[PDB]
RNA sequence: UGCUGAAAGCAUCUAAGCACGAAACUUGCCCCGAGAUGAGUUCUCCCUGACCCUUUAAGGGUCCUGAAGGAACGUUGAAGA
RNA sequence: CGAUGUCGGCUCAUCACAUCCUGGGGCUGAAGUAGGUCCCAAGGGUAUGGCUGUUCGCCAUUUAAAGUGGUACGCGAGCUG
RNA sequence: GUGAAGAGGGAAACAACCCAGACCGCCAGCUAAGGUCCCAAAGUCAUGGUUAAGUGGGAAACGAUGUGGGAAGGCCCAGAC
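Protein chains in written order, with PDB author numbering: chain BQ, 59 to 117; chain BG, 1 to 176; chain BD, 1 to 209; chain BJ, 1 to 142; chain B4, 1 to 38.
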């Protein structure tokens, strides 16, 4: 159910859950675990700036 | 490719009319002789014709070759037209007209009793011969074949309609 | 194109100069009263409420009484709403006589069949009984084998078995007109018609013709 | 204590209206089914939807990948005398022009009562005559 | 006329032209040579 | 079964533009059909009391008052176990 | 094997066609009337007597037809036995 | 070798094939074989080739201006198709 809430936001940003989680695992202490992942519904301007931070560690 | 790139050349005593769509040709045969396309363009320079696709479409010179095929016979259709070819042979088989309605004797309880489409009418100079009064290669081909479907030649008799585009034949008897 | 209602008075044989006696049914068609004409095309369709007879005022309730009040003081039972398509009829309430059939050759009649109750498979579907000669016991008025042995697991719906017969709507599809005289309320037809007092005998021109 | 919980009384819906005219059915079905379930918004459980109310007005003017219009049969088994009867796509879209869009999104939606609750948020016409103007539906081009 | 997926040319009168999606064969006087597909 | 004809200087029953092509099919005749919870269309009848409670936009009482309609009662049946 | 009624016929047909008839389309080494043959439509339809318990068999007579193939070599809380 | 005496994951159900071995738990994470269009969790991934067939998801013969992939030649601007 936390995977659904994260994947919905990733899809509304043009990124896939597999890439989003892998980028946040390639950066150190950025994954923050799904038990705190309310940032997938709190604010989308900040989520877009989290997707771009994950893209800066993914590739 | 080559047939869509042919100039056609308009003959003498002929008039051409066009308004961005539907090309019309006039001469000493027919009435209002014209042809339609919805994605192909047809245009006239001063004696030569050009065919091609509209802006935002491409035919590969295929449909331009199909439009050329019709307009290149329409210039003949309005100047000398087409020859006599349709005949019928056999005992009790006769061709006639009343008004513009055909009276076609083929051993039927109905003598076809038909008047054809528009810009096309029948005439019979002799009981053996059918003349088509028209300027369109397509309708004269279709009505000549609409009639060909009635009393198709019987295998050992070979009697009925003759039409010059094929040879009508009789089957060899045993013979007893 | 529409129809009429009228009451049966009997059946007889007219006799004809072809030797055949020609069995005929006699119907008295009093002009159909017309309770409402709907030429105004409300909800996209036109209609006429042709109406014949009335129900005793001790068995007419107010929901029905106000549905006949705008064309007369008598009310109840057969209102008969027919639809109108590809034909113009006079816009104001005016009764229709049996002269509606004075230029018609063929008709059909619809009504209600006699009560035949319980029936059973044999009297409902006119079905072949089992022979009681050379044995067979305890059942002879049954159809036999209601499904195809073991692999069905089930019976199919609406099959020719069981049910009750009569007391339902029925059509006779073709009758010949013989005589029409609207000054005498007369309709004379070649043939016979289904049912007695439960039958309303809705008569229509042939729509095939 | 639970981070978040899905509640069907808390889910609020407003009215929308879409175009079907000349639209490719393979794209119309995926976006319409996701819209009807809310699977273009934030998600949680599959046992509660987050959709909205949707009108289709011109439901048979769509375009399809069906290239041979005398194929398909649409059979439905009722059990009456073991029978079934066929209809082509060209005859089906003539009898039931309002039904093609519903059976197209049926492949994107769950079965039974949970599916029927979403099929009550979708309304269909083909006469292209608007009736719910007092609800003020929101107009969508894509 | 035999229902087949392959054709035989056995007389020189035959034109052997592709006609509506397949190769075909026919002869002016003899029905034995008419073949719907190859 | 064919007409006109392109992909393809030539050719073709096919691609585009077309006319024919069956008892059937689709329309058509008839009976049934809103559990079509998608509950449709239209007409017709009738009710004009007052106060109160709740974590009161929905439920629950008191006292007054009882339309349209229904059932019960009943003489019979070309309606019926 | 701590339970699997048998042969034909009747009785009920059912579901198909590698089509029996009917509809439609082509041939014959088919003059017509005949005899022989390829195959689209599964939409409408597809035998009785004699001898026998008989599938099989021979034998009398029809129909536009009596053909091919499946169903516990099709029907027993079905009939005949 | 798999089971019998080994649970679990894939193969639609599925001791025989594939994987891996079952003490308990987790306000904790990764992997095997196999998955990731809508259902039902995750790539409607990125890129080099192939395809109009439902091959994918029974099966030989055979032909072609359906298309993709090669090599060697003939006919030819002292002029070819």
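No residue lacks a Cβ here, since even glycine has one placed at the ideal position from N, Cα and C.
Check, Outcome
"According to DSSP, residues forming a beta bridge with residue 122 (chain BJ)", "54 (chain BJ)"
"Contact set between residue 156 (chain BD) and chain BJ, taken where Cβ atoms lie within less than 8 Å", "79, 80, 81 and 82"
"Nearest to residue 152 (chain BD) (by Cα), restricted to the options 82 (chain BJ), 127 (chain BJ), 124 (chain BJ) and 131 (chain BJ)", "82 (chain BJ)"
"8 Å contact criterion, which residue 33 (chain BG) and residue 136 (chain BG) should meet: CB distance rounded", "7 Å"
"Complete runs of the beta strand (DSSP E) confined to the region 49 to 81 of chain BG [at least 3 residues]", "49 to 53"
"N- and C-terminal bounds of the alpha helix (DSSP H) containing residue 25 (chain BJ)", "25 to 37"
"Three-state class that DSSP yields for residue 126 (chain BG) in the structure shown", "coil"
"Length of the line joining the Cα atoms of residue 30 (chain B4) and residue 36 (chain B4)", "15 Å"
"Element boundaries [beta strand (DSSP E), containing residue 95 (chain BG)]", "94 to 98"
"Assigned secondary structure, residue 90 (chain BQ) (DSSP; H/G/I helix, E/B strand, else coil)", "coil"
"Between the CA atoms of residue 40 (chain BG) and residue 54 (chain BG) - distance to the nearest angstrom", "6 Å"
"Reduced DSSP secondary structure (H/G/I, E/B, other) of residue 40 (chain BJ)", "coil"
"Stretch pair the region 59 to 78 of chain BD + the region 153 to 166 of chain BG: three plus CB contacts closer than 8 Å", "no"
"Test: residue 106 (chain BD) CB closer than 8 Å to a CB of chain BJ", "no"
"C-alpha distance - residue 141 (chain BG) paired with residue 60 (chain BG), whole-angstrom precision", "28 Å"
"Between the CA atoms of residue 14 (chain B4) and residue 152 (chain BG) - distance to the nearest angstrom", "23 Å"
"Alpha-carbon spacing of residue 148 (chain BG) relative to residue 126 (chain BD), whole angstroms", "54 Å"
"Host beta strand (DSSP E) of residue 180 (chain BG) (start-end)", "Residue 180 (chain BG) is absent from the structure shown; chain BG starts at 1 and stops at 176."
"Under 8 Å between C-beta atoms of residue 166 (chain BD) and residue 199 (chain BD)", "no"
"8 Å Cβ cutoff met for residue 285 (chain BD) and residue 96 (chain BD)", "As shown, chain BD starts at 1 and ends at 209. That puts residue 285 (chain BD) outside it, with no answer to give."
"Those residues which DSSP pairs with residue 149 (chain BD) across a bridge", "The partner list for residue 149 (chain BD) (beta bridge, DSSP) is empty, contrary to what the question assumes."
"Per-residue contacts from residue 3 (chain BJ) into chain BQ (C-beta, under 8 Å)", "60, 93 and 96"
"Exposed unless 16 or more other CB atoms sit within 10 angstroms - verdict on residue 48 (chain BG)", "exposed"
"Segments of 4+ residues assigned as alpha helix (DSSP H) that fall wholly inside the region 81 to 132 of chain BD", "121 to 125"
"When 181 (chain BD), 172 (chain BD), 67 (chain BD) and 44 (chain BD) are compared against residue 110 (chain BD), the one with the closest alpha-carbon", "172 (chain BD)"
"C-alpha distance - residue 113 (chain BJ) paired with residue 37 (chain BJ), whole-angstrom precision", "14 Å"
"8 Å Cβ cutoff, residue 103 (chain BQ) in contact with chain BJ", "no"
"Other residues of its chain near residue 128 (chain BG): CB distance less than 6 Å, five sequence neighbours each side excluded", "87"
"Short CB-CB distance (under 8 Å) between residue 115 (chain BQ) and chain BJ", "no"
"In DSSP terms, what residue 127 (chain BJ) is bridged to", "According to DSSP, which records beta bridges pairwise, residue 127 (chain BJ) is partnered with nothing at all."
"Contacts of residue 67 (chain BQ) in chain BJ (Cβ-Cβ under 8 Å)", "42"
"Cβ contact check for the region 69 to 86 of chain BD and the region 44 to 53 of chain BD: 3 or more pairs under 8 Å", "yes"
"Proximity to residue 71 (chain BD) [Cα-Cα], best of 93 (chain BD), 120 (chain BD) and 89 (chain BD)", "93 (chain BD)"
"Residue 73 (chain BJ) to residue 116 (chain BG) span [Cα, whole Å]", "40 Å"
"DSSP bridge partner residues for residue 66 (chain BD) (one or two, in chain order)", "DSSP lists no partner for residue 66 (chain BD)."
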